[PDB]
Amino acid sequence: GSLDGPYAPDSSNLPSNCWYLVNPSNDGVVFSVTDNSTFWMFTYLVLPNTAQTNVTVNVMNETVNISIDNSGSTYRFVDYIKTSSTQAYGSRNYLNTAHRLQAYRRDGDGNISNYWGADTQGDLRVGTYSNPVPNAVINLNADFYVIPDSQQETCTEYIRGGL
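What counts and what doesn't
- Residues numbered from 1 in each chain as written, not as in the entry; some residues may be left out.
- Heavy atoms only, no water.
- Pairing = 2+ DSSP bridges.
- Helix = DSSP H or I, 4+ residues; strand = E, 2+ residues; numbered from the N terminus.
- Axes fitted to C-alpha atoms, helices over the stretch in contact; angles between N-to-C directions.
- Disulfide = S-S within 2.5 Å.
- Buried < 20%, exposed > 50% of the residue type's maximum accessible area, 1.4 Å probe, protein only.

What the entry reports as its method is X-ray crystallography, with 2.285 Å given for the resolution.

If you want it as structure tokens, here you go:
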């Protein structure tokens, strides 16, 4: 397969209908997005064999706290989400993966899609979140590649088997 890039970390109203495969080297926030009105989302990368740790996250000009706990040898991308600024974030989905690879796509409605699952095999799934942010600034906080949603299958290949 082929991918446009890699491109450096960017914050902008990125084009919809294409997969942004992020390839972080380090843990922490790899992805975030908010319209400042209806939807707040960030993804925190947790290292394998990370004992229970209380960490402080400054993201989207907000500073919050999360508990990370990963007893596996796989990496874990954790999604946190809220629909109002005064609301507390909630963890909805996470992805256990051997590779530092997650991918995000904004559909025609502005909904955010990414890979969910307890593994990158049988439990792997392409999920979609339910609060559309069509014009919101998207923060890809890592080197990323660009794949058309034409080739969701090419993106899936790298998610399962690395790059």
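Asks: Explain the sheet that holds strand 2 (residues 10-12) to me, and be specific about the residues and the numbers.
Replies: One open sheet holds the six strands; their spatial order is 2-13-4-5-8-9, and the pairing between them is antiparallel. At either end of the open sheet lies a strand with only one pairing partner, and these are strand 2 and strand 9 (90-97). Direction aside, neighbouring strands of the sheet carry axes that sit 10° apart on average. Bridge count for strand 4 (residues 28-34) against strand 5 (residues 40-46) is six bridges, and the pairing is antiparallel. Its bridge partner being in strand 5, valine 33 is matched across the sheet by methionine 41.

Asks: Give me the lowdown on the state of the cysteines, citing residues and values where you can.
Replies: This model, assessed by the stated rule, comprises zero disulfides. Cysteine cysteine 18 is unpaired, with the sulfur of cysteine 155 as its nearest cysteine sulfur at 10 Å. Residue classification places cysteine 18 among the buried positions, given a relative accessible area of 8%. For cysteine 155, a relative accessible area of 0% puts it in the buried group.

Asks: Residues and numbers for the sheet that holds strand 14 (residues 144-148), please.
Replies: Taken in spatial order, the six strands line up as 1-14-3-10-11-12 in an open sheet, and their pairing is antiparallel. Either end of the sheet is taken by a strand with one partner, and the two such strands are strand 1 (4-7) and strand 12 (125-128). Geometrically, the sheet is characterised by an average inter-axis angle of 25° between neighbouring strands, direction not taken into account. Looking at chain direction, strand 3 (residues 18-22) and strand 14 are connected through five bridges and run antiparallel. What sits directly across from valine 22, in strand 14, is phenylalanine 144.

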